[PDB]
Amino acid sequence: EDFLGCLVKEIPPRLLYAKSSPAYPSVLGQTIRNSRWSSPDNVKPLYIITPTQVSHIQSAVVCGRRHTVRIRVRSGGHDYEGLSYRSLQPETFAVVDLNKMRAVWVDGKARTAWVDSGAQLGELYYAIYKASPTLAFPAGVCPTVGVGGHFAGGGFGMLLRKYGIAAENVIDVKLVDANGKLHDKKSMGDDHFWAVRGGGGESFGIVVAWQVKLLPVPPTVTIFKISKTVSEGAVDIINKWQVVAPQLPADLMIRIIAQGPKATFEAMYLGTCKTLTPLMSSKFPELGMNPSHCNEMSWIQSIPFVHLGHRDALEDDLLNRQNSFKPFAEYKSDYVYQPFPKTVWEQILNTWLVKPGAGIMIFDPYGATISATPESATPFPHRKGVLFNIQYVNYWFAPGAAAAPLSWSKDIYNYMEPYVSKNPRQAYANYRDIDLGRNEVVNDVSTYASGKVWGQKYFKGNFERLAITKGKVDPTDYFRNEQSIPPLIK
C-alpha cells in the first residue's frame, strides 16, 4: 500500500494498475512480443504505471526510491528476454510503460527532431517522411520496435553502412535518473551521455525523449532480393561476399538471409538501378545482378518493403499497434572478423539450416561508416575489422514445441565457436541473450564480476567505463535487471 499510496498522490489513478485491476492483463500484454514470456509461469509486475507526462515518471521513480520498489521501464516491449516486463526469478517490481508518450516533432529545415521513447520506429520514420521525402534516420528494420530500448541498445538497420548506428546520431536526450531528477546533455555530463547512447537499456535511467539529427537520402533508393540455392552455387558466391560486402561503397548494403540450402541477398542502394548495375558488375559480378532485379522506391517506402515484401501499405505497416505477431522466439548473435573457410558455409547451408527446429540466419555486413567510428567513441564496440554480424532467429508457434528449436540454437552456437570472434565472443546488446550470462546480486547490488561475463561480450573494451559511469549515476543499482550494467565504485 505504501508505494501504491505514494503513486496515487501524484499520478492520475487511471494511469495506475495493480494485478487486482480488471484492465491489468491487457495493459501487461499489449506490447509483449514473445509468447514465451506471456505464459502464466512468468513473473509479473506488482504494479503498472502508464505516464503521459514526464512529471508522472519523476513521481514514479521518487516513490519507487522512497518505498524501495524497483522499476523496469518499457517502451516498445521487444526485449528478446522480456526484461522490460518480467523478471527471471520471483521479485517485486513495477513496470513504467511509456506507450502513451509517443510524440515525434520534426524540424525539417534544422534537420533535427525530438522523439518520445514510447514512439515506435515506424512512427518516427513516418513523421520524418511527412516533413521531407529526402530525409531519413538510420535505425532498425522492425516498425513496432520502441525508440527507448532501440536507441539505448545502439540500433542498426539498412542504413548502418552509410550512417552507423541510431545511437551515434542522437544529439540530445531527456532523462530521468535514479533520483527522479530530469537531465539533458547540458546537465548530465559526459560519461552519462556517452553511456546512455548504446550502453543498453534500463541501466542508465529512463530516457523520456531523444533528439536526433536527420540525414539526407536520395529521392530514389534501389532494393533487390536475389536468391541463390546451393545448386546455383550459393556457397561460392557467399564465400566471396564475406570479403567484398564489407568494403563495398558506403551507399551499398547487401545483407543475407538464409533458412535452408539457399541464400537470399537483400540489398539497399542509395541511388538508382542505372548506377547500381555497373557497380555490381564491377565489384560483385559473381551475384549475377542485372536491371530486372532492381526495385526503385523512396526511402520511406523501402521500410515496409524490406521487412515485409509489401510496397503499397505505408500508414498501415509503419503505424500499427495491434501486435498479432506474438511468436515464441529465441535469438542469438555473433560477430565475424576474418572470413569463413568455404567448408563452414557448406555446413551452414546444407546441414545446419536443414535440421529439426532449425532457425533463420541473418548476415549484416559492416565496414564503411559503422566501422569508421572508433571502438570506444560509443559503448558499441563492434566496429573496425568487422566483416559481418550474424543473428540466429528461432520462431515457433505452439507452447509445447520448444525443445527442438531451443536445442538447435544451442547446438549451432556451439558449432560456430571456432569461426566467430573470441576472447570475448562478441554479441549485440539489442539481441539480448540471457544464456551469455546474467548478474549475481550481493547485498541488493549487481556484482561487477558477474556483470563482466556477458558485459564484455556486448560491450568489449567499453564495459568498465560503463560500470564506472553506472557507479556515478546509480550507485545503489536501482535501475537494474538480470543483465544490466553493475555499478563499479571504491
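Heads up: residue numbers just count along the shown sequence, starting at 1.
Q: Between 394-402 and 92-100, which has the higher average C-alpha B-factor in the PDB entry?
A: Higher mean C-alpha B-factor: 394-402.
Q: I need to verify one thing: averaged over C-alpha atoms only, is the B-factor higher for 137-145 or for 236-244?
A: According to the entry, 236-244 carries the higher average C-alpha B-factor.
Q: Hey, out of 332, 150, 72, 326, whose CA B-factor is highest in the deposited coordinates?
A: In this record, 326 carries the highest C-alpha B-factor of the candidates.
Q: Taking the Cα B-factors listed in the entry, which of 200, 288, 374, 180 comes out highest?
A: Highest C-alpha B-factor among the listed residues goes to 288.
Q: If you rank every modelled residue in this chain by C-alpha B factor, which third holds residue 110: lowest, middle or highest?
A: Middle third by C-alpha B-factor.
Q: Within this chain, which third does the Cα B-factor at residue 50 fall in: lowest, middle or highest?
A: CA B-factor rank for residue 50: lowest third.
Q: Within this chain's modelled residues, let me know which third the CA B factor of residue 275 belongs to: lowest, middle or highest.
A: Its C-alpha B-factor belongs to the highest third of this chain's values.
Q: Pull the Cα B-factor of residue 230 out of the PDB entry and bin it into the chain's lowest, middle or highest third.
A: Within its chain, residue 230 is a highest-third residue by C-alpha B-factor, going by the deposited values.
Q: Among all modelled residues of this chain, ranked by Cα B factor, put residue 27 in the bottom, middle or top third, i.e. lowest, middle or highest.
A: Highest third of the chain for residue 27's C-alpha B-factor.
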